[PDB]
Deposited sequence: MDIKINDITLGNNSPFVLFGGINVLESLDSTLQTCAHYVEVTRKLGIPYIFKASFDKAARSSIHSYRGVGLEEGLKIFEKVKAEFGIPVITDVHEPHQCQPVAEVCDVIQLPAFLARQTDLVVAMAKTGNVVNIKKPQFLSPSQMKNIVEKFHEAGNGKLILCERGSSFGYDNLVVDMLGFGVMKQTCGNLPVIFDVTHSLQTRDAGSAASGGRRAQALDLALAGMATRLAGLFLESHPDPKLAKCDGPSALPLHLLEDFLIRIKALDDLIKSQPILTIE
């Protein structure tokens, strides 16, 4: 199943889409600066790109860490990003009441992994009718994603993306099960699957490259960063993605 996001086609048989940006929105000026670099690099390689940032982060490293500029200024910033660069945007929501106003502006709404089972948030997100990025909890099995998808379906929204982030492996460590992408595709109606390589990883650029390449080898709709260094990285991902997507899936 493909998802149209403005002029972008997001799907597991389509050229991969890059999701990336900044952690939290501070100001228009800071935002445009970072977004501009992503846009320049991706445009240079012809890679579809969706800008990501949080406007109000509930899961913070410390209590008093800045949550972001908040809903009102945040959405004004996103509106400006969309107008200036002509790209779609993505943000996370954690309050059911925030889903509707966010969806007026943000093309994709993101369900944080820790809230992925919370019924009221899922329903509120579904009812926006927007594209939804479902972050996979690290303690959830790939075949358990079907139940989250079912809850969205119950609430009337099937425009869903599944976002791999790694799985709990003993204490602290995360491991990405390369077989889980296929299990999600098979059990969830071939919805677009994307790979959040950054979470999955907790030199370090070398690790990220190997892990990103391995994931994208399994034929995926997109790559998601919690992030010319970036250009060199994307050249390698694009090379592999173009190879993979240019071949038909195994014959039956």
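Undergrad: Let me make sure I understand the coverage. Which parts of the deposited sequence, in order from the N-terminal end, have no C-alpha coordinates here?
TA: Absent from the structure are positions 203-212, 238-254, 280.
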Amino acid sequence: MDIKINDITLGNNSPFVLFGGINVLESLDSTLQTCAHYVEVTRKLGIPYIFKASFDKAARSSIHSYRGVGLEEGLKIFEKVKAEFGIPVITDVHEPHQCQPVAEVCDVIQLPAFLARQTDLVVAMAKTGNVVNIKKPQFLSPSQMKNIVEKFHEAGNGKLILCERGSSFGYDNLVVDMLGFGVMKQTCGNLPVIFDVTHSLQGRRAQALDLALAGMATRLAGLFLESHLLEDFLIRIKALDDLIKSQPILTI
From here on, numbers count along this sequence of modelled residues.
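Undergrad: Name the higher of the two by mean Cα B-factor in the PDB entry, 177-185 versus 138-146.
TA: Per the PDB record, 138-146.
Undergrad: Comparing 102-110 with 79-87, which stretch shows the greater average C-alpha B-factor in the deposited entry?
TA: It is 79-87.
Undergrad: Sorting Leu211, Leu223, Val193, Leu32 by Cα temperature factor from the record, which one lands on top?
TA: Of the candidates given, the C-alpha B-factor peaks at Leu32.
Undergrad: Per the entry's values, where does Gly156 land by CA temperature factor relative to the rest of its chain, in the lowest, middle or highest third?
TA: Ranked within chain, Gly156 CA B lands in the highest tercile.
Undergrad: How does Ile235 rank on Cα B-factor within its chain, lowest, middle or highest third?
TA: Middle third of the chain for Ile235's C-alpha B-factor.
Undergrad: Divide the modelled residues of the chain into thirds by Cα B-factor and specify which third, lowest, middle or highest, holds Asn12.
TA: Lowest third.
Undergrad: Is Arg60 in the lowest, middle or highest third of its chain when residues are ranked by C-alpha B-factor?
TA: Middle third.
Undergrad: Taking the entry's C-alpha B-factors for this chain, is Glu72 in the lowest, middle or highest third?
TA: According to the entry, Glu72 has a C-alpha B-factor in the chain's highest third.
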